[PDB]
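Below: the structure, in C-alpha cells.
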Amino acid sequence: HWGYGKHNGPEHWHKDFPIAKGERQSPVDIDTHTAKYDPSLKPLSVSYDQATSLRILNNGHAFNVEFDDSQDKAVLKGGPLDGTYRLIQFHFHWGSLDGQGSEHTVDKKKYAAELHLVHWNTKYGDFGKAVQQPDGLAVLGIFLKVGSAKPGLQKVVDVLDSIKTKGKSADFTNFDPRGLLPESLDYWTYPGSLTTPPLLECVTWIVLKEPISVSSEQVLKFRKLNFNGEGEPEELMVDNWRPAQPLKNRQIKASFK
Ligand SMILES: [Zn+2]
C-alpha cells in the first residue's frame, strides 16, 4: 500500500490515486513575490477555547491528535472561508534532518516540519461527506523550525513513547491546541487537496507565514516513532512529507502586505 518508501512513495501514488496528477494538488511552493495581497480576505478566527481533545493515534503515516467534533467546540472561520469548520484532528509531517520535513515550501525553503490542523465544513454534516466537496475542509498549516522549545508541544512529545508503532493509541484529553500557534495569524491561502491518499481536492489551505520554534530534542522524539506495527521490522517514521506539486491554474493570496 502507499507510504513514503522508495517503492511506495509519492512518485507512485498516482497508480492507485490518479487524482495525484490533478488540477488542485497539495502541497505547493509558495512564491512570496507572486502571491498577491487580497484586501477583501477577512481576519481569520481561530476559536479553540472549548476544544476537547480525546486521543492520540499512530496511524502508520503520522500521529493524529483527535478531537470531539460532534459539536462546535474548536472552530475555524473567517479568512477565505464561508461558514464554520470544526477541528477534527491535527498531525505533523517531518524530516530525517532539520533541513527538510515540510510539505509546503516558501520560496523553495523547506522547514523541519509542518503542523496540519484539519477542520471540516459543518454544512456537510460529517468528515466523510465533507471530503467529497470542493469546500469541504480547511487545513491550517504551520511551519516548524528548530531552535527554542515550544512549551505547548511538550505534552505531545512526551506521550509518543506510548504510541511508538502503527495502530497504537493513547488517551489524550485536555490538550490545548492554542499552545501550538505562532503570534501572528498572517497567512497565505489557496485551493488544494489532501496531501495523503486519497488526495481529494476538498481543501482550502491556510498556511501561516510565521513558523513556530521547536527544540532539537522535541523533533528528535518525533523521529523515534515507527511506521511499522509492533513486532515488525523497525522503520523510523521520518520523511513523511509529500513534495511540492504543480500550481497549475491557481493563485496564492496573501492576507498581509
Ligand atoms: Zn498533513
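Chain A is numbered as in Swiss-Prot; shown residues: 4-260, in order.
Every residue, even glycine, has its Cβ placed from backbone N, Cα and C.
Residues or ranges marked as active site, proton donor/acceptor in Swiss-Prot (evidence: a curator's inference): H64. For the recorded site, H64 (active site, proton donor/acceptor), the DSSP three-state label reads coil.
Residues or ranges marked as Zn(2+) binding site in Swiss-Prot (evidence: experimental evidence): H94, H96, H119. The Cβ neighbour count for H119 (Zn(2+) binding site), using a 10 Å radius and every protein chain shown, is 24.
The DSSP secondary structure for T199 (substrate binding site) is coil. Swiss-Prot lists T198, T199 with the feature substrate binding site.
Annotation for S165 (phosphoserine): same-chain Cβ neighbours under 8 Å, separated by at least 6 residues, are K171, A173. Positions annotated as phosphoserine by Swiss-Prot, on the basis of a large-scale study or a structure entry: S165 (among others).
The feature phosphoserine is assigned by Swiss-Prot to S172 (among others). Non-local contacts of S172 (phosphoserine) by the CB criterion (under 8 A, 6+ apart in sequence, same chain) comprise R58, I59, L60, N61, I166.
Annotation source Swiss-Prot lists site 'Fine-tunes the proton-transfer properties of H-64' at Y7 (among others). With a cut-off of 8 Å between CB atoms and residues at least 6 apart in sequence, the same chain places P13, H64, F230, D242, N243, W244 near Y7 (site 'Fine-tunes the proton-transfer properties of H-64'), listed in sequence order. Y7 (site 'Fine-tunes the proton-transfer properties of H-64') carries neither a helix nor a strand DSSP state and counts as coil.
The feature site 'Fine-tunes the proton-transfer properties of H-64' is assigned by Swiss-Prot to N62 (among others), with experimental evidence given as support. The Cβ of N62 (site 'Fine-tunes the proton-transfer properties of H-64') lies under 8 Å from the Cβ of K169, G170, each on the same chain and at least six residues away in sequence.
Residues annotated as site 'Fine-tunes the proton-transfer properties of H-64' in Swiss-Prot, with experimental evidence given as evidence: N67 (among others). The number of other Cβ atoms within 10 Å of the Cβ belonging to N67 (site 'Fine-tunes the proton-transfer properties of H-64'), over all protein chains shown, comes to 20.
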Query - Cβ under 6 Å from ligand 1: qualifying recorded positions of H64, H119, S165 - result: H119
Report summary line: Around the Cβ of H96 (Zn(2+) binding site), other Cβ atoms within 10 Å, all chains included, total 27
Report summary line: Cβ atoms other than its own within 10 Å of the Cβ of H94 (Zn(2+) binding site), all chains, total 20
Query raised in the report: What are the other residues, in sequence order, whose C-beta lies within 8 angstroms of the center of the C-beta atoms of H94, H96, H119 at the Zn(2+) site?
Result: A65, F93, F95, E106, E117, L118, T198
